[PDB]
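Peer 1: Have a look at this one before I ask anything.
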Amino acid sequence: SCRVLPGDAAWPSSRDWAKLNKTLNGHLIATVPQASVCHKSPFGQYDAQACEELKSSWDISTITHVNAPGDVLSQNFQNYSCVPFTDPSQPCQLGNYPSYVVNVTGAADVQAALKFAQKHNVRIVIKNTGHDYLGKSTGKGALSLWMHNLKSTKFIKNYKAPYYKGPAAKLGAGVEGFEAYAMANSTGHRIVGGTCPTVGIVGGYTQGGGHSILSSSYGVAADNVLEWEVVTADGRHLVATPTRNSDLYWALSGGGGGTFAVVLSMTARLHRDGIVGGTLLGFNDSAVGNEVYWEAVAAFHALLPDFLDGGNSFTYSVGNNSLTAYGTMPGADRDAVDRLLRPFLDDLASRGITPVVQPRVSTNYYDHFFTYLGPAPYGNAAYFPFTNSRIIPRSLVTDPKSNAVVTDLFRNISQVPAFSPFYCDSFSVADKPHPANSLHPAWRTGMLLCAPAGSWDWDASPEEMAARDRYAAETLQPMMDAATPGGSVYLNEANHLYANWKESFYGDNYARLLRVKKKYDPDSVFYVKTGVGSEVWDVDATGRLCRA
Ligand SMILES: *Cc1cc2c(nc3c(=O)[nH]c(=O)nc-3n2C[C@H](O)[C@H](O)[C@H](O)COP(=O)(O)OP(=O)(O)OC[C@H]2O[C@@H](n3cnc4c(N)ncnc43)[C@H](O)[C@@H]2O)c(*)c1C
Ligand SMILES: *[C@@H]1O[C@H](CO)[C@@H](O[C@@H]2O[C@H](CO)[C@@H](O)[C@H](O)[C@H]2NC(C)=O)[C@H](O)[C@H]1NC(C)=O
Ligand SMILES: *[C@@H]1O[C@H](CO)[C@@H](O)[C@H](O)[C@H]1NC(C)=O
Ligand SMILES: *[C@@H]1O[C@H](CO)[C@@H](O)[C@H](O)[C@H]1NC(C)=O
């Protein structure tokens with residue numbers, strides 16, 4: 001059995017879709033890609049100047065793009081079907097985009113869409129922001145549950161349970177980083193969220209784990225979830241906590257989005273705000289030569305433990321001849337910032353390097369975040385659609401023998417132009433209180449999460465971009481894996497073609513994750529590439545989803 005596609009005898013009629021729309025109170029949207037304004041047909045609405053506006057920031061994570069119902073940010077998944085950078089005469093086609101989008105207002109819209117889809121054998125897709133690097137928030141011929149507009153927030157002053165007492169926030173499924181930060185800040189709190197401000201904090205970010213510059217202080221985003229409000233495949237409106245539907249709670253808190261249930265909201269721990277120490281710390285090989293530069297990168301890595309165990313973090317960009325780091329030091333006044341940086345600066349001084357060091361103390365976390373990752377509120381985060389990753393164990397770094405292999409990996413990757421420079425985050429998320437969840441164990445032993453990320457080139461041919469896609473999956477990622485035994489790959493930052501996904505994403509947790517999948521979705525209504533239980537479905541040459 002296969003899901004239906006447009007053209008099939010069993011594709012729902014115009015009356016069937018109109019019936020669904022009536023049930024949804026007019027909230028069904030026939031998908032019109034945002035870049036239809038760049039083409040004359042089949043939508044008649046070529047607007048040359050509106051098209052130039054889309055070109056200007058198409059490869060950036062913009063609120064304008066995220067606001068579009070049927071769109072996705074990945075240039076690879078757009079796949080030239082309806083894009084700004086082909087000729088106006090080339091027809092705008094849906095390709096990987098869903099055929100219809102449900103503008104979800106609450107639980108009933110989801111229940112009605114699920115029931116319709118099971119009745120008519122339509123593929124369900126779930127999309128929040130369209131950030132997903134693996135194409136998991138789009139799909140050909142699908143009915144998409146668009147969660148973007150569930151923006152409600154609610155401060156809970158005294159959340160009270162065995163697992164947590166303190167302030168919390170209930171956030172709707174569509175709440176993005178910038179909105180969560182604005183809400184948390186308004187009450188003098190912080191929340192654990194991603195570095196890219198348009199990222200959907202309640203969607204794939206937290207559901208897949210979600211690292212943060214506050215992770216050394218408060219753990220992974222998944223660690224901070226108190227409750228998940230969901231709709232199951234069979235339409236049940238449930239709440240999953242550590243003591244209620246707790247197997248579902250466990251799976252949702254790190255098991256990856258788009259497979260266990262449809263999330264309507266989450267409730268997450270808030271944390272007391274206060275001053276935040278910051279710095280730019282940068283150095284290069286210009287005075288001292290490339291070999292010493294790499295020895296300095298290696299020693300920088302080996303000095304991180306004490307810094308990270310104090311609740312602090314570095315997010316840094318590793319280039320072939322220079323490194324630029326951004327330090328986050330919660331509650332560190334100026335004297336304390338200098339004391340925390342001193343070992344790093346003493347080491348660089350002993351190798352002949354004069355670094356660029358620009359410390360600061362921000363009054364609150366919101367200001368700190370947007371000093372380095374702004375401008376507020378939306379940032380300017382570039383979308384690199386060949387994103388790979390590795391969670392690297394501390395033990396690899398602290399043993400200078402295995403750390404030499406790590407440095408050799410970084411040097412090798414630094415020599416590949418499309419994937420260089422690249423960002424790394426650093427964290428210690430062991431030994432903190434959290435409810436039991438399905439985060440890969442590698443997170444706990446982990447110290448670095450590095451994301452070599454290939455850019456898209458609109459002047460290249462489709463075959464060249466396909467070849468880069470394949471290179472990332474079958475050459476670069478396995479090279480990263482072999483250099484970092486004991487690590488894992490972060491399921492949110494990987495290539496859709498990566499063959500070893502099951503082992504690297506889920507490891508020993510897969511058995512239990514799969515039992516939760518089969519319990520809450522026995523008919524496999526939910527599918528995402530590399531998702532738990534995704535092996536039930538296969539995509540054929542046409543993009544049709546068929547049972548394996
Ligand atoms: C684009 C981008 C992504 C980033 C950036 N920075 C990050 C960082 O500093 N740390 C991180 O840990 N991650 C970073 N990410 C990655 C994002 O965390 C992931 O790409 C998330 O998977 C994206 O989440 P979301 O914003 O929800 O994007 P979608 O593509 O809409 O969905 C992803 C995935 O999750 C499922 N899903 C979303 N919402 C739901 C609900 N309500 N219910 C069920 N399932 C849901 C989707 O089906 C899909 O599979 C920096 C940048 C620039
Ligand atoms: C972009 O579209 C092309 C087809 O126009 C897709 O090519 C298919 O790729 C798969 C492997 O992923 C092959 O096994 C199929 O034979 C190809 N199909 C055809 C018809 O050539 C390609 O997958 C699309 N890219 C993305 C990222 O969706
Ligand atoms: C659903 O109904 C609304 C309100 O009349 C309409 O604007 C919209 O175009 C309809 N959607 C579809 C897919 O027909
Ligand atoms: C989605 O629904 C909300 C609330 O009903 C509405 O404000 C918004 O304009 C809708 N979006 C689109 C694109 O129709």
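Ordered as shown in the structure tokens, chains take letters A, B, and onward, while each chain numbers its residues from 1 and ligands are numbered from 1 in the order shown.
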Check segment 227-272 of chain A with DSSP on the backbone and list each residue it calls helix (DSSP H, G or I), as a ChimeraX atom specification.

Peer 2: /A:246-252

Peer 1: Using only C-alpha atoms and all ligand atoms, find each protein or nucleic acid residue lying at most 8 Å from ligand 2; present the set as a PyMOL selection string.

Peer 2: chain A and resi 76-80+95-96+135+466+497+540-543

Peer 1: With only C-alpha atoms as the counted atoms, please give the residues lying no more than 9 Å from segment 183-200 of chain A, apart from itself and same-chain residues fewer than 5 positions off, as a VMD selection string.

Peer 2: chain A and resid 61 to 63 66 128 to 131 148 153 to 155 167 169 173 to 178 205 to 206 210 to 215 218 to 221 224 268 to 274 364 to 366 369 373 to 374 376 to 381

Peer 1: Counting only C-alpha atoms and all ligand atoms, name the residues that have an atom within 7 Å of an atom of ligand 4; the answer should be given as a VMD selection string.

Peer 2: chain A and resid 27 69 103 to 105 149

Peer 1: Create the file for the chosen residues now, containing N, CA, C and O atoms and written as a compact mmCIF listing (two decimals), in the first residue's frame.

Peer 2:
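Written file, part-v4.txt:
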```
# COMPACT_ATOMS: atom_id res chain seq x y z
N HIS A 27 -9.70 27.08 7.09
CA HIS A 27 -8.25 27.10 7.36
C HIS A 27 -7.42 26.10 6.53
O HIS A 27 -6.27 25.83 6.86
N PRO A 69 3.10 29.54 4.23
CA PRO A 69 2.46 28.27 4.61
C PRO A 69 3.15 26.99 4.14
O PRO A 69 3.40 26.09 4.94
N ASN A 103 -3.89 25.40 8.29
CA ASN A 103 -3.50 26.50 9.16
C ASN A 103 -4.09 26.21 10.55
O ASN A 103 -5.20 26.66 10.88
N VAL A 104 -3.33 25.47 11.35
CA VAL A 104 -3.83 24.89 12.59
C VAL A 104 -4.09 25.97 13.63
O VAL A 104 -3.20 26.77 13.92
N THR A 105 -5.32 26.01 14.15
CA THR A 105 -5.72 26.93 15.22
C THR A 105 -5.78 26.26 16.59
O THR A 105 -5.78 26.96 17.61
N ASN A 149 1.46 29.22 13.67
CA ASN A 149 0.65 30.31 14.25
C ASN A 149 0.11 30.04 15.66
O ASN A 149 -0.60 30.89 16.20
```

Peer 1: Would you mind listing, for every residue of chain A within 12 Å of ligand 3, the two atoms forming the shortest contact and the distance between them in Å to one decimal, using only C-alpha atoms and all ligand atoms, sorted by chain and ascending residue number, as JSON lines?

Peer 2:
```
{"residue": "A:13", "atom": "CA", "partner": "ligand 3", "partner_atom_place_in_ligand_line": "14 (O)", "distance": 11.6}
{"residue": "A:14", "atom": "CA", "partner": "ligand 3", "partner_atom_place_in_ligand_line": "14 (O)", "distance": 8.3}
{"residue": "A:15", "atom": "CA", "partner": "ligand 3", "partner_atom_place_in_ligand_line": "14 (O)", "distance": 9.6}
{"residue": "A:16", "atom": "CA", "partner": "ligand 3", "partner_atom_place_in_ligand_line": "14 (O)", "distance": 10.4}
{"residue": "A:17", "atom": "CA", "partner": "ligand 3", "partner_atom_place_in_ligand_line": "13 (C)", "distance": 6.9}
{"residue": "A:18", "atom": "CA", "partner": "ligand 3", "partner_atom_place_in_ligand_line": "14 (O)", "distance": 5.9}
{"residue": "A:19", "atom": "CA", "partner": "ligand 3", "partner_atom_place_in_ligand_line": "14 (O)", "distance": 9.4}
{"residue": "A:20", "atom": "CA", "partner": "ligand 3", "partner_atom_place_in_ligand_line": "1 (C)", "distance": 8.7}
{"residue": "A:21", "atom": "CA", "partner": "ligand 3", "partner_atom_place_in_ligand_line": "1 (C)", "distance": 5.0}
{"residue": "A:22", "atom": "CA", "partner": "ligand 3", "partner_atom_place_in_ligand_line": "2 (O)", "distance": 7.0}
{"residue": "A:23", "atom": "CA", "partner": "ligand 3", "partner_atom_place_in_ligand_line": "1 (C)", "distance": 9.7}
{"residue": "A:24", "atom": "CA", "partner": "ligand 3", "partner_atom_place_in_ligand_line": "1 (C)", "distance": 8.1}
{"residue": "A:25", "atom": "CA", "partner": "ligand 3", "partner_atom_place_in_ligand_line": "2 (O)", "distance": 7.0}
{"residue": "A:26", "atom": "CA", "partner": "ligand 3", "partner_atom_place_in_ligand_line": "2 (O)", "distance": 3.5}
{"residue": "A:27", "atom": "CA", "partner": "ligand 3", "partner_atom_place_in_ligand_line": "1 (C)", "distance": 5.7}
{"residue": "A:28", "atom": "CA", "partner": "ligand 3", "partner_atom_place_in_ligand_line": "11 (N)", "distance": 4.7}
{"residue": "A:29", "atom": "CA", "partner": "ligand 3", "partner_atom_place_in_ligand_line": "13 (C)", "distance": 4.4}
{"residue": "A:30", "atom": "CA", "partner": "ligand 3", "partner_atom_place_in_ligand_line": "13 (C)", "distance": 4.3}
{"residue": "A:31", "atom": "CA", "partner": "ligand 3", "partner_atom_place_in_ligand_line": "13 (C)", "distance": 8.0}
{"residue": "A:32", "atom": "CA", "partner": "ligand 3", "partner_atom_place_in_ligand_line": "13 (C)", "distance": 10.4}
{"residue": "A:99", "atom": "CA", "partner": "ligand 3", "partner_atom_place_in_ligand_line": "13 (C)", "distance": 9.5}
{"residue": "A:100", "atom": "CA", "partner": "ligand 3", "partner_atom_place_in_ligand_line": "13 (C)", "distance": 7.0}
{"residue": "A:101", "atom": "CA", "partner": "ligand 3", "partner_atom_place_in_ligand_line": "13 (C)", "distance": 8.2}
{"residue": "A:102", "atom": "CA", "partner": "ligand 3", "partner_atom_place_in_ligand_line": "13 (C)", "distance": 9.1}
{"residue": "A:103", "atom": "CA", "partner": "ligand 3", "partner_atom_place_in_ligand_line": "1 (C)", "distance": 10.2}
{"residue": "A:143", "atom": "CA", "partner": "ligand 3", "partner_atom_place_in_ligand_line": "13 (C)", "distance": 11.0}
```

Peer 1: What would the file look like if the residues just selected were written as an mmCIF file, in the first residue's frame with N, CA and C atoms?

Peer 2:
```
data_model
loop_
_atom_site.group_PDB
_atom_site.id
_atom_site.type_symbol
_atom_site.label_atom_id
_atom_site.label_comp_id
_atom_site.auth_asym_id
_atom_site.auth_seq_id
_atom_site.Cartn_x
_atom_site.Cartn_y
_atom_site.Cartn_z
ATOM 1 N N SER A 13 -11.350 14.357 -4.268
ATOM 2 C CA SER A 13 -11.998 15.306 -5.174
ATOM 3 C C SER A 13 -12.034 16.722 -4.601
ATOM 4 N N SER A 14 -12.404 17.685 -5.444
ATOM 5 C CA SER A 14 -12.586 19.082 -5.022
ATOM 6 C C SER A 14 -13.641 19.207 -3.915
ATOM 7 N N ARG A 15 -14.712 18.412 -4.011
ATOM 8 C CA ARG A 15 -15.747 18.363 -2.973
ATOM 9 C C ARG A 15 -15.229 17.805 -1.646
ATOM 10 N N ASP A 16 -14.385 16.770 -1.704
ATOM 11 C CA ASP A 16 -13.749 16.214 -0.499
ATOM 12 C C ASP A 16 -12.859 17.252 0.194
ATOM 13 N N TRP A 17 -12.034 17.963 -0.582
ATOM 14 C CA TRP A 17 -11.174 19.025 -0.030
ATOM 15 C C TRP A 17 -12.007 20.176 0.534
ATOM 16 N N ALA A 18 -13.052 20.569 -0.189
ATOM 17 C CA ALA A 18 -13.987 21.593 0.290
ATOM 18 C C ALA A 18 -14.692 21.173 1.583
ATOM 19 N N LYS A 19 -15.011 19.882 1.701
ATOM 20 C CA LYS A 19 -15.595 19.324 2.926
ATOM 21 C C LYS A 19 -14.615 19.445 4.083
ATOM 22 N N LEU A 20 -13.350 19.107 3.839
ATOM 23 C CA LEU A 20 -12.304 19.285 4.854
ATOM 24 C C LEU A 20 -12.165 20.758 5.252
ATOM 25 N N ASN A 21 -12.154 21.647 4.258
ATOM 26 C CA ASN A 21 -12.056 23.086 4.512
ATOM 27 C C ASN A 21 -13.217 23.594 5.367
ATOM 28 N N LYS A 22 -14.424 23.107 5.089
ATOM 29 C CA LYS A 22 -15.609 23.453 5.884
ATOM 30 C C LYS A 22 -15.423 23.012 7.335
ATOM 31 N N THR A 23 -14.967 21.774 7.535
ATOM 32 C CA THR A 23 -14.647 21.258 8.871
ATOM 33 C C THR A 23 -13.602 22.121 9.587
ATOM 34 N N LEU A 24 -12.609 22.598 8.830
ATOM 35 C CA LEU A 24 -11.528 23.447 9.364
ATOM 36 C C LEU A 24 -11.863 24.953 9.449
ATOM 37 N N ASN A 25 -13.123 25.333 9.221
ATOM 38 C CA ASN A 25 -13.564 26.733 9.298
ATOM 39 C C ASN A 25 -12.740 27.643 8.380
ATOM 40 N N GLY A 26 -12.534 27.182 7.152
ATOM 41 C CA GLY A 26 -11.800 27.949 6.157
ATOM 42 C C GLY A 26 -10.286 27.987 6.304
ATOM 43 N N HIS A 27 -9.704 27.080 7.089
ATOM 44 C CA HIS A 27 -8.254 27.097 7.357
ATOM 45 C C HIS A 27 -7.425 26.099 6.529
ATOM 46 N N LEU A 28 -7.992 25.576 5.441
ATOM 47 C CA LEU A 28 -7.220 24.816 4.454
ATOM 48 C C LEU A 28 -6.644 25.788 3.430
ATOM 49 N N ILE A 29 -5.364 25.628 3.104
ATOM 50 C CA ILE A 29 -4.687 26.467 2.123
ATOM 51 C C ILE A 29 -4.148 25.588 0.995
ATOM 52 N N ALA A 30 -4.597 25.830 -0.234
ATOM 53 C CA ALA A 30 -3.976 25.236 -1.430
ATOM 54 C C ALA A 30 -2.583 25.835 -1.614
ATOM 55 N N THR A 31 -1.555 24.984 -1.612
ATOM 56 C CA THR A 31 -0.169 25.460 -1.510
ATOM 57 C C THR A 31 0.252 26.303 -2.710
ATOM 58 N N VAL A 32 0.729 27.512 -2.405
ATOM 59 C CA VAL A 32 1.300 28.414 -3.389
ATOM 60 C C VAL A 32 2.690 28.759 -2.873
ATOM 61 N N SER A 99 0.757 19.422 -1.011
ATOM 62 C CA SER A 99 -0.318 19.918 -1.867
ATOM 63 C C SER A 99 -1.300 20.845 -1.139
ATOM 64 N N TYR A 100 -1.546 20.570 0.143
ATOM 65 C CA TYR A 100 -2.432 21.396 0.977
ATOM 66 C C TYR A 100 -1.826 21.584 2.361
ATOM 67 N N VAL A 101 -2.141 22.729 2.958
ATOM 68 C CA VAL A 101 -1.647 23.103 4.261
ATOM 69 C C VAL A 101 -2.845 23.411 5.156
ATOM 70 N N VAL A 102 -2.847 22.830 6.358
ATOM 71 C CA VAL A 102 -3.844 23.134 7.394
ATOM 72 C C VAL A 102 -3.278 24.214 8.314
ATOM 73 N N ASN A 103 -3.892 25.397 8.290
ATOM 74 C CA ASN A 103 -3.501 26.497 9.157
ATOM 75 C C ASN A 103 -4.091 26.214 10.547
ATOM 76 N N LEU A 143 -0.671 16.394 3.044
ATOM 77 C CA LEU A 143 -1.494 17.370 3.738
ATOM 78 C C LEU A 143 -0.659 17.794 4.930
#
```

Peer 1: When you count only C-alpha atoms, which of these residues is closest to residue 295 of chain A: A:145, A:82, A:532, A:348?

Peer 2: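 So, comparing all the options, the nearest one is A:348.
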
Peer 1: Compile the contact shell of residue 339 of chain A as a ChimeraX atom specification: residues with an atom at most 12 Å away, counting only C-alpha atoms, same-chain residues fewer than 2 positions apart removed.

Peer 2: /A:277,306-307,310,329,332-337,341-346,359

Peer 1: Any chance you could export the current selection's N, CA and C atoms as a PDB file, in the first residue's frame?

Peer 2:
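Once written, again.pdb looks like this:
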```
ATOM      1  N   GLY A 277      28.248  37.528  31.465  1.00  0.00           N
ATOM      2  CA  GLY A 277      29.565  37.789  30.915  1.00  0.00           C
ATOM      3  C   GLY A 277      29.656  37.335  29.480  1.00  0.00           C
ATOM      4  N   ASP A 306      37.199  22.907  32.554  1.00  0.00           N
ATOM      5  CA  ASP A 306      36.980  23.735  33.761  1.00  0.00           C
ATOM      6  C   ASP A 306      36.045  24.920  33.497  1.00  0.00           C
ATOM      7  N   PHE A 307      36.184  25.514  32.312  1.00  0.00           N
ATOM      8  CA  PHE A 307      35.343  26.623  31.855  1.00  0.00           C
ATOM      9  C   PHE A 307      33.890  26.169  31.734  1.00  0.00           C
ATOM     10  N   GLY A 310      31.907  25.227  34.994  1.00  0.00           N
ATOM     11  CA  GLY A 310      31.431  26.402  35.721  1.00  0.00           C
ATOM     12  C   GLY A 310      30.126  27.003  35.217  1.00  0.00           C
ATOM     13  N   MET A 329      29.059  33.565  29.679  1.00  0.00           N
ATOM     14  CA  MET A 329      29.456  33.316  31.063  1.00  0.00           C
ATOM     15  C   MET A 329      28.387  33.862  32.009  1.00  0.00           C
ATOM     16  N   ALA A 332      28.768  36.097  35.435  1.00  0.00           N
ATOM     17  CA  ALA A 332      30.161  36.481  35.564  1.00  0.00           C
ATOM     18  C   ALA A 332      30.289  37.992  35.435  1.00  0.00           C
ATOM     19  N   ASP A 333      30.685  38.672  36.512  1.00  0.00           N
ATOM     20  CA  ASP A 333      31.083  40.103  36.428  1.00  0.00           C
ATOM     21  C   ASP A 333      32.432  40.221  35.694  1.00  0.00           C
ATOM     22  N   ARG A 334      32.911  41.440  35.466  1.00  0.00           N
ATOM     23  CA  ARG A 334      34.136  41.676  34.692  1.00  0.00           C
ATOM     24  C   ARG A 334      35.378  40.973  35.255  1.00  0.00           C
ATOM     25  N   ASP A 335      35.543  41.044  36.574  1.00  0.00           N
ATOM     26  CA  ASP A 335      36.656  40.352  37.255  1.00  0.00           C
ATOM     27  C   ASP A 335      36.582  38.844  36.985  1.00  0.00           C
ATOM     28  N   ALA A 336      35.379  38.287  37.083  1.00  0.00           N
ATOM     29  CA  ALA A 336      35.165  36.856  36.860  1.00  0.00           C
ATOM     30  C   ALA A 336      35.356  36.460  35.391  1.00  0.00           C
ATOM     31  N   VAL A 337      34.926  37.311  34.462  1.00  0.00           N
ATOM     32  CA  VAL A 337      35.177  37.057  33.037  1.00  0.00           C
ATOM     33  C   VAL A 337      36.682  36.966  32.774  1.00  0.00           C
ATOM     34  N   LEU A 341      38.718  33.588  31.397  1.00  0.00           N
ATOM     35  CA  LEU A 341      39.476  33.651  30.145  1.00  0.00           C
ATOM     36  C   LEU A 341      40.991  33.512  30.327  1.00  0.00           C
ATOM     37  N   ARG A 342      41.510  33.809  31.517  1.00  0.00           N
ATOM     38  CA  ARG A 342      42.970  33.835  31.771  1.00  0.00           C
ATOM     39  C   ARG A 342      43.756  32.599  31.310  1.00  0.00           C
ATOM     40  N   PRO A 343      43.277  31.376  31.616  1.00  0.00           N
ATOM     41  CA  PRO A 343      43.982  30.183  31.113  1.00  0.00           C
ATOM     42  C   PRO A 343      44.087  30.137  29.578  1.00  0.00           C
ATOM     43  N   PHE A 344      43.016  30.521  28.890  1.00  0.00           N
ATOM     44  CA  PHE A 344      42.988  30.530  27.426  1.00  0.00           C
ATOM     45  C   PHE A 344      43.947  31.573  26.873  1.00  0.00           C
ATOM     46  N   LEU A 345      43.974  32.754  27.498  1.00  0.00           N
ATOM     47  CA  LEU A 345      44.860  33.845  27.067  1.00  0.00           C
ATOM     48  C   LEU A 345      46.319  33.566  27.422  1.00  0.00           C
ATOM     49  N   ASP A 346      46.566  32.945  28.579  1.00  0.00           N
ATOM     50  CA  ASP A 346      47.928  32.538  28.964  1.00  0.00           C
ATOM     51  C   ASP A 346      48.491  31.499  28.006  1.00  0.00           C
ATOM     52  N   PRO A 359      36.047  41.558  26.032  1.00  0.00           N
ATOM     53  CA  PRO A 359      35.051  41.129  26.995  1.00  0.00           C
ATOM     54  C   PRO A 359      33.972  42.181  27.238  1.00  0.00           C
TER      55      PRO A 359
END
```

Peer 1: Could you name the residues that touch segment 398-401 of chain A at 8 Å or less, counting only C-alpha atoms, but leaving out those on the same chain fewer than 4 positions away, as a ChimeraX atom specification?

Peer 2: /A:302,394,405

Peer 1: From the options A:537, A:456, A:410, A:146, which residue's atoms come nearest to ligand 1, counting only C-alpha atoms and all ligand atoms?

Peer 2: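 Of A:537, A:456, A:410, A:146, the one nearest ligand 1 is A:146, counting only C-alpha atoms and all ligand atoms.
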
Peer 1: Using only C-alpha atoms, which residues sit within 10 Å of residue 50 of chain A once same-chain residues fewer than 3 positions away are excluded, as a JSON list (two decimals) with N, CA, C and O atoms, in the first residue's frame?

Peer 2:
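Printed below is part_4.json as written:
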```json
[["chain", "number", "residue", "atom", "x", "y", "z"],
["A", 35, "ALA", "N", 7.80, 31.73, -3.93],
["A", 35, "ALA", "CA", 8.48, 32.18, -5.14],
["A", 35, "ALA", "C", 7.65, 32.06, -6.43],
["A", 35, "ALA", "O", 8.20, 32.21, -7.50],
["A", 37, "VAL", "N", 5.71, 34.31, -7.40],
["A", 37, "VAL", "CA", 5.90, 35.67, -7.95],
["A", 37, "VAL", "C", 7.09, 35.83, -8.90],
["A", 37, "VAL", "O", 7.20, 36.85, -9.58],
["A", 38, "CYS", "N", 7.97, 34.83, -8.93],
["A", 38, "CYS", "CA", 9.10, 34.77, -9.86],
["A", 38, "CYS", "C", 8.81, 34.08, -11.18],
["A", 38, "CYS", "O", 9.70, 33.97, -12.01],
["A", 46, "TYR", "N", 3.39, 36.77, -11.91],
["A", 46, "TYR", "CA", 4.78, 37.23, -12.05],
["A", 46, "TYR", "C", 4.86, 38.70, -11.67],
["A", 46, "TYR", "O", 4.13, 39.53, -12.21],
["A", 47, "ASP", "N", 5.73, 39.00, -10.72],
["A", 47, "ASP", "CA", 5.95, 40.34, -10.20],
["A", 47, "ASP", "C", 7.46, 40.45, -10.05],
["A", 47, "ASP", "O", 8.02, 39.96, -9.08],
["A", 53, "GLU", "N", 13.06, 41.10, -4.42],
["A", 53, "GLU", "CA", 13.02, 41.14, -2.95],
["A", 53, "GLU", "C", 13.24, 39.75, -2.32],
["A", 53, "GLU", "O", 13.96, 39.64, -1.34],
["A", 54, "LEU", "N", 12.65, 38.71, -2.91],
["A", 54, "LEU", "CA", 12.88, 37.34, -2.45],
["A", 54, "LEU", "C", 14.32, 36.89, -2.67],
["A", 54, "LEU", "O", 14.87, 36.21, -1.82],
["A", 55, "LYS", "N", 14.92, 37.27, -3.81],
["A", 55, "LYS", "CA", 16.31, 36.91, -4.10],
["A", 55, "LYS", "C", 17.28, 37.44, -3.05],
["A", 55, "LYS", "O", 18.17, 36.71, -2.62]]
```

Peer 1: Which residues in segment 394-439 of chain A does DSSP call strand (DSSP E or B)? List them as a VMD selection string.

Peer 2: chain A and resid 422 to 426

Peer 1: Restricting the calculation to only C-alpha atoms and all ligand atoms, which member of A:4, A:233, A:479, A:296 is positioned closest to ligand 1?

Peer 2: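 Among the listed residues, A:233 lies closest to ligand 1.
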
Peer 1: Taking into account only C-alpha atoms and all ligand atoms, which residue in the set A:510, A:422, A:458, A:383 is nearest to ligand 1?

Peer 2: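 With only C-alpha atoms and all ligand atoms as the atom set, the closest residue is A:383.
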
Peer 1: In Å to one decimal, how far is atom CA of residue 6 of chain A from atom CA of residue 141 of chain A?

Peer 2: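 Atom CA of residue 6 of chain A lies 6.4 Å from atom CA of residue 141 of chain A.
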
Peer 1: Could you jot down the atom CA of residue 235 of chain A to atom CA of residue 261 of chain A separation for me, Å, one decimal place?

Peer 2: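 Atom-to-atom, atom CA of residue 235 of chain A to atom CA of residue 261 of chain A, that is 9.6 Å.
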
Peer 1: Identify which of the residues A:207, A:322, A:395, A:41 lies closest to residue 254 of chain A, counting only C-alpha atoms when measuring atom-to-atom distances.

Peer 2: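 Among A:207, A:322, A:395, A:41, it is A:207 that comes nearest to residue 254 of chain A.
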
Peer 1: When you look at residue 87 of chain A with a cut-off of 8 Å (counting only C-alpha atoms), what residues show up, excluding the ones that are within fewer than 2 positions of it in the same chain? I need them as JSON, numbers by chain.

Peer 2: {"A": [38, 39, 85, 89, 90]}

Peer 1: Quote the spacing between atom CA of residue 352 of chain A and atom CA of residue 280 of chain A in Å to one decimal place.

Peer 2: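 Taking atom CA of residue 352 of chain A as the start and atom CA of residue 280 of chain A as the end point, the length is 19.1 Å.
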
Peer 1: From the list A:407, A:504, A:509, A:243, which residue is nearest residue 161 of chain A when using only C-alpha atoms?

Peer 2: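 Of all the options, A:243 lies closest to residue 161 of chain A.
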